[PDB]
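A.B. asks: could you work out the structure for the sequence below:
(4 chains, ligands or ions: 2)
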Amino acid sequence: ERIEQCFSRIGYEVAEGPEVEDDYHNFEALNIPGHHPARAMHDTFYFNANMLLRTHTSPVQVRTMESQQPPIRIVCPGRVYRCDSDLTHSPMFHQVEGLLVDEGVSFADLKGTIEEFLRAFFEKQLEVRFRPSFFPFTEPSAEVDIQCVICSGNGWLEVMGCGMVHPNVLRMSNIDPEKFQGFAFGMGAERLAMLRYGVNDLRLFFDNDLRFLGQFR
Amino acid sequence: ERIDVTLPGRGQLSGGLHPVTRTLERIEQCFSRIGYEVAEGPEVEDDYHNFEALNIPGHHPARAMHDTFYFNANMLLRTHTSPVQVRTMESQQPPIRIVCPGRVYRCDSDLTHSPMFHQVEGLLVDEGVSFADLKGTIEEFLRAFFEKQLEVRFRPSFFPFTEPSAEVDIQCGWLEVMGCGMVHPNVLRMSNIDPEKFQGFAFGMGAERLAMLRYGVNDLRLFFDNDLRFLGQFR
Amino acid sequence: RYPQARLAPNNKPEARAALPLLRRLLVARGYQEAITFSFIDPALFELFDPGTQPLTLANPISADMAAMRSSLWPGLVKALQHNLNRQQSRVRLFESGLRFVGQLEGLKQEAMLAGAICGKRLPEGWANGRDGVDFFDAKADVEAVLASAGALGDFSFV
Amino acid sequence: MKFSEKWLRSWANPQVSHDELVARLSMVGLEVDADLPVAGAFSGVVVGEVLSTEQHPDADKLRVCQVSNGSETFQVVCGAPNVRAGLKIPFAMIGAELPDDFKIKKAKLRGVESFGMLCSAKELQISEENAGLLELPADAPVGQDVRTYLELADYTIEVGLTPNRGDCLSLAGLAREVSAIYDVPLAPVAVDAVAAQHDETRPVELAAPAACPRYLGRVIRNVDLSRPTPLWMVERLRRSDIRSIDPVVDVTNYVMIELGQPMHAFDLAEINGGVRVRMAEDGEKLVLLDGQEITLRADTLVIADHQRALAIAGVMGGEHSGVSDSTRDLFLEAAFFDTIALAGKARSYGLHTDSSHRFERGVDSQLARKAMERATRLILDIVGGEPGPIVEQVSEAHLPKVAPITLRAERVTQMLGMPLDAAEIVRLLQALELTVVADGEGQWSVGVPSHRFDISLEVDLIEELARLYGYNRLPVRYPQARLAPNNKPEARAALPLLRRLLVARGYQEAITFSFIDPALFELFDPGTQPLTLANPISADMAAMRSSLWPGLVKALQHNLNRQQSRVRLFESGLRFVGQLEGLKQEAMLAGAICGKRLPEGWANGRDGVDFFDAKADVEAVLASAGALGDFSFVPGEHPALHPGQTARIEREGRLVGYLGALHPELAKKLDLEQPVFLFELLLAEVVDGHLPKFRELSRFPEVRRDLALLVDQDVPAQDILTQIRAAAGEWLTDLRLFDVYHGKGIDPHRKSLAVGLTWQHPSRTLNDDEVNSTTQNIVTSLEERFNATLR
Ligand SMILES: CNC(=O)COc1cccc(Nc2cc(Cl)ccn2)c1
Ligand SMILES: CNC(=O)COc1cccc(Nc2cc(Cl)ccn2)c1
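C.D. replies: Numbering: from 1, shown residues only, chains lettered A, B, ... in the order given. Ligands and ions are numbered 1, 2, ... in the order given. Sure, structure below:
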């Protein structure tokens, strides 16, 4: 609710989609080729060869890009699924992804958006660091770090990823990369909640113990 | 053996909000979703914030005791929420994007008019603001508010605080629903805002008038009686 | 045209009980929202605020609308008894708005949330007890409001 | 990718400290995962030579040694089993400071004087080898500090590479980056061509030139495979996490880690008439060097001879064709395999090698020759032999070729939010080995080097500039937007509103797994086939939920087992109804309650929660958008619910959901000894409501009449209330059922319904005659419809 509010107050629309998705919306449309390890059964939950459980909320952004022409300003919260299960990782979790597609969007616009979001979210004028990373769906891409001001026990912490939407991603969804530029970002809701509330064990989120839940009234 | 019927549920159920509160919230939401901040101010104001700062000269009939409620020569009950926009313009330099809902007061007595009522005023002050920007804002507001792609008409009017000014009509053969205009240079200048660098638009509307249009309310006096037979209809 | 804006993500702190949140809670707790005149009868003002000189209007609409309210209670009680006189038994009202404390020099205009209840604890129904509302029913409503931003322990009823 | 910093600095030295280098690497896109010292700290330890050993005359486990430091001969008593004349060892002199504050002093061990100590790798924190003294190369410089000789003032840096930086899977790759980052000279290893000593070759055939456009082969005769891998190579491989196995594998691994070129050596005797680089025949079998028997597919590139397949090209060699102890002659291979043709091929056979990784990520297509010469020199140095000429088979048509990219200065300024100077742009791109040529004003034609597989577009060039300029040095702007006022309809009950209402009504929000146990699914949904996962995490998380109830009930009993009595939970989320073809993914709001109606308190009744408490919660949700009257609670049945306490909820005959007590037989099966009340609503059917429509308020009094009605115990109360409204005329304002009596005062199969009827005319007072008339028509209607009687 809090992540959505930071963007919805500035023109972003809340977009939702199905949790049972197809290879196209979940992978192909996001510049993830068929031979990419993300598509394997070691990471992705499958029903058949083409139908799966979405590994991210980006398919929702894809469905938006197909349905309409720019400007697009959307935030996509939702349940996402991954095979990797144990401590530090759950087979089901939540993430919030964002997308802005307009005529003159820059990496400067993205840095500003992300920096002000984290500041608004954590209610502090904290330091925000951008490290060059990689994602098939963005170029340039960045991993975003914040200071340890919200601790590791309640000098940098990785909290989210972002980048400029890849030309092939726009082109595939019938958006001219020559006329339109865009940025997109993603974050894990549980990771953020743990940072905010001083939660140590991620497994506490899915047990629904009243002795846990009651602490958030 | 232990069967039962589906009778009403046990206990207390929900009450509800007042139609004006529903309307105010709705008007705020149309702007707050696009960058506007909700600004509030005092209901007991001074001549300066209520009149002088808004280009209303001392000899103007609006200032008279036939229309304005006074405590002494300089202190009054605000006749509009514009003093809040004035206090904002004094406190900060542009950009300003604000919506000002609130209780306002006027001497004018009975039937079509109450001595206390609510209004929502808006203000946008930036570097390159035009009358085209204002037309778009207002047209899209009314469409969002009334949930219809209705026809919007702008008639040239007059206000001391704006130039050019307009009275805004909607269909249902037309209905006047609000007023707006480009902020007067003297209004900006008085609040230390260079009219050469900054332009602005402002608008105003009555919440009760809007609620009546929306909910089919005939008598404006029903709003301040708080009859449960009235209130209950807005749950 | 639609005005352009360089807008940045922003939000208010999480741990805060705003009035829109509080209104909806009172709605859920079986209250109807009232809006009363900020100016009341000086006689009524004196009943609720003995010894205080009200901030009086120079040109009031009528003499019974001369005094700026120092409480939302005279208005709330009057709306309550307006309903009681109109065949209503269970009246549960709340109002938010300014209070006017002091004379012009030093005047305080503070936003209040006030509530007024009467009649049966529960609405008339086959499954509901026929007990009249009391202090502890109103206390629960105050407790629920006071706990809205996870700070109930910061308050004390003395 | 792990590496020695000393080795990296020998190619490109950034003139900054270790800490500064590790900091910058992550800041330019090479995230450092670890930076560790190669050894423990110590001083006073030099290279020593054992001149002679004698048996200690008073301790059999000890030896009396004469050790030289190149300047002087010292007597040292040693107990290590490997101590012998001629051995080059670390000599810790009197004065030497070893790890964990161990100072070497003078000693008289069993009557014999000792002027130092000879060390094990363990004693020096070099290795965990305490088996004996750290044996040093026969040619070690005696007297030199052991830290200097063994290059122990070093760190190993581990970088977690992104899939686009396959070029950094080598010291050559990483050093080129450093040279760019720091704008410093790059001194790559000078690789002189090794001259052929004979003319023996083997033919090479490129039968699949699109999968392998270049293949280099070389005969190396009379190699002595019994010879050891030199220490400098063992340490360089070890500092890159490569374990030393045998001289030939060590060289090919070393060449790969140094230059980025995976290589392979075959036993020449195991090659029947020349090399054939071809696709596998479908079902062709190959036993790998690790013993795995792979059944190949026609899409897989193999290195074959004229008889059979020898290796799976670019991934792993075969057992038969590989080097063994019996090997006397080698056939070296250095090839370029196309990335696309090799993509996911190792994974499909369940394999992953350093070679498969590098070829899939991309190996410089021009590198094979330099690497071949390098590996030859190393083989001749380590195991001897005689090299023949290099056989290079190449397909010019299939060599990778990336068209020049035009980069526009205005596109860099737009993206970065600031302009970069033409000189800075050129310098930065040239450092990465890109070919930059001016193409007019604020435009360049940029050529991509053969080691880069991630650069094909203008935006990739902009990334390179941003990366090396510094992401955090770039400006910060907020995106522009032509925003217009907008809003959603007023008369709608959104889920955020509903959650808060349930919170206010004393509910705690739960989040449960969307996939449940098929056994649990079958209890709540008998006979329905769940949408089952193909690869579930476990078998008890195989079924996609068709209800939020199994999860809600399970979380409820989780709490009941944790000393909770009053559990009131709600959850929102998707339902999965049907199989893939025709699947329905509907958002639901479901709730589950148990225990006392009210929390324990002095002022609270101690009654247990029932159906009507859950009903009130549903009613409150259903009335959230002013459309309560659009819904109806009809006696229904659900397999998970008690058939006597179940309401089917509808809107215009359409199913909204169900409300009821959890079936006592389901409770038994779950070992739940408390009554539980459940509801589940289809949010798409609850969200829409109606906007208030003002109805005029009467200035006139209302009239109330109370009716006590005797009806059959089973006739539904809402059927009677509905009939009353129908027969009460135009002026009824309120109808209330204030009591139900099923006592002794009446028949045991009947019930008394006490109803309050209120009428108000909008324009006048109502007279008693008309109200009594209206009341009689209600009664008459109830007599003719339900055989009702007045009490
Ligand atoms: C949990 N997520 C993370 O840490 C980082 O997520 C990211 C990073 C960058 C982009 C995106 N999403 C995206 C979606 C479209 Cl449709 C196009 C381009 N990108 C998500
Ligand atoms: C019922 N109320 C109306 O029609 C109100 O109409 C108007 C019309 C135009 C502007 C304004 N407010 C305004 C405020 C400032 Cl600070 C400066 C300039 N103007 C109000």
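
A.B. asks: can we go C-alpha only for contacts and neighbour counts from here?
C.D. replies: Will do.

A.B. asks: host element of the spatially most central residue of chain A?
C.D. replies: For chain A, residue A:186 is the residue whose C-alpha lies nearest the centre (Cα atoms, centre = their mean; 2.1 Å). Residue A:186 is part of strand A:181-188 when elements are defined by DSSP states H and E.

A.B. asks: tell me the helix or strand right after the longest helix anywhere in chain A.
C.D. replies: The longest helix of chain A (DSSP state H) is helix A:107-121. Of the helices and strands lying after helix A:107-121 in sequence (DSSP H and E), the nearest is strand A:128-135.

A.B. asks: what packs against that following strand?
C.D. replies: Judged by 3 or more Cα pairs under 8 Å, 6 or more residues apart in numbering or on different chains; DSSP states H and E, strand A:128-135 is in contact with helix A:107-121, strand A:138-147, helix D:18-27.

A.B. asks: between the ones you listed, which gets nearest to residue D:502?
C.D. replies: helix A:107-121 (25.6 Å; Cα to Cα).

A.B. asks: got the CA coordinates for that closest one in CSV?
C.D. replies: The C-alpha trace of helix A:107-121 is given here as CSV (Å, rounded to 0.1, in the frame of the first residue of the first chain):
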residue,chain,number,x,y,z
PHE,A,107,18.5,7.9,-17.0
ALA,A,108,18.5,11.2,-15.0
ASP,A,109,14.7,11.0,-14.7
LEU,A,110,15.1,7.3,-13.4
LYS,A,111,17.8,8.3,-10.8
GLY,A,112,15.6,11.1,-9.5
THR,A,113,12.4,8.9,-9.3
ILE,A,114,14.3,6.0,-7.4
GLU,A,115,16.2,8.3,-5.0
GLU,A,116,13.0,10.2,-4.1
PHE,A,117,11.0,7.0,-3.8
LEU,A,118,13.5,5.4,-1.3
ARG,A,119,13.6,8.7,0.7
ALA,A,120,9.8,8.9,0.9
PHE,A,121,9.5,5.2,1.7
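
A.B. asks: looking at chain B, what residue ends up closest to chain D?
C.D. replies: residue B:3 (4.0 Å; Cα to the nearest Cα).

A.B. asks: isn't that residue right up against residue D:636?
C.D. replies: No - if you go by Cα atoms under 8 Å, residue B:3 and residue D:636 don't touch, sitting 11.8 Å apart.

A.B. asks: between these two, who's got more neighbours?
C.D. replies: For residue B:3 versus residue D:636, neighbours defined as other Cα atoms under 10 Å in any protein chain shown are more numerous around residue D:636 (17 against 10).

A.B. asks: shared neighbours, residue B:3 and residue D:636?
C.D. replies: Common contacts of residue B:3 and residue D:636 (Cα atoms under 8 Å, 6 or more residues apart in numbering or on different chains): residue D:643.

A.B. asks: tell me where chain B has strands.
C.D. replies: B:37-38, B:44-46, B:75-77, B:96-105, B:116-126, B:152-159, B:162-171, B:174-183, B:199-206 (DSSP state E).

A.B. asks: my guess is residue C:149 meets residue C:16, correct?
C.D. replies: Yes - here residue C:149 reaches residue C:16: they are 5.2 Å apart, a contact under Cα under 8 Å.

A.B. asks: contact residues of chain C facing chain D?
C.D. replies: C:2-8, C:25, C:28-29, C:86-87, C:124-127, C:136 (Cα under 8 Å from any Cα of the partner chain).

A.B. asks: what about the strands of chain B, which gets the closest to residue B:230?
C.D. replies: strand B:116-126 (17.3 Å).

A.B. asks: which stretches of chain B form helices?
C.D. replies: Using DSSP H, helices in chain B cover B:19-32, B:47-50, B:82-91, B:131-145, B:185-190, B:207-215, B:228-231.

A.B. asks: do the same with chain A
C.D. replies: Using DSSP H, the helices of chain A run over A:2-8, A:23-26, A:58-67, A:107-121, A:167-172, A:189-197, A:210-213.

A.B. asks: in TSV, list the ones you listed along with distance to residue B:37 and mean neighbour count.
C.D. replies: Output for these, formatted as TSV (distance: least, Cα to Cα, whole Å; neighbours: other Cα atoms under 10 Å in any protein chain shown):
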stretch	distance to residue B:37	mean neighbour count
helix A:2-8	13	20
helix A:23-26	37	19
helix A:58-67	28	20
helix A:107-121	15	22
helix A:167-172	34	19
helix A:189-197	26	16
helix A:210-213	33	14
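
A.B. asks: so which of the ones you listed gets nearest residue A:47?
C.D. replies: Between these, helix A:23-26 lies closest to residue A:47; by Cα to Cα that is 11.3 Å.

A.B. asks: just the CA trace of the closest one, in CSV.
C.D. replies: Extracted C-alpha coordinates of helix A:23-26, given in CSV (Å, rounded to 0.1, in the frame of the first residue of the first chain):
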residue,chain,number,x,y,z
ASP,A,23,6.0,-17.8,-21.8
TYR,A,24,5.4,-14.8,-24.1
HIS,A,25,4.2,-12.3,-21.4
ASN,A,26,6.6,-13.7,-18.7
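
A.B. asks: show me what that helix packs onto, helices and strands only.
C.D. replies: helix A:58-67.

A.B. asks: what sits up against stretch A:19-38?
C.D. replies: A:39, A:44, A:50-56, A:58-60, A:62-63, A:79-80, A:136-137, A:168-169, A:172-173, D:343-344, D:585.

A.B. asks: circling back to that earlier point, quick one: the longest helix of chain A to strand A:128-135, angle?
C.D. replies: Angle, helix A:107-121 to strand A:128-135, by axes from the mean of the first three to the mean of the last three Cα atoms, to 10 degrees: 120 degrees.

A.B. asks: report the separation between residue B:171 and residue B:146.
C.D. replies: The spacing between residue B:171 and residue B:146, counted by Cα to Cα, to the nearest Å, is 11 Å.

A.B. asks: please consider this matter closed, and thank you.
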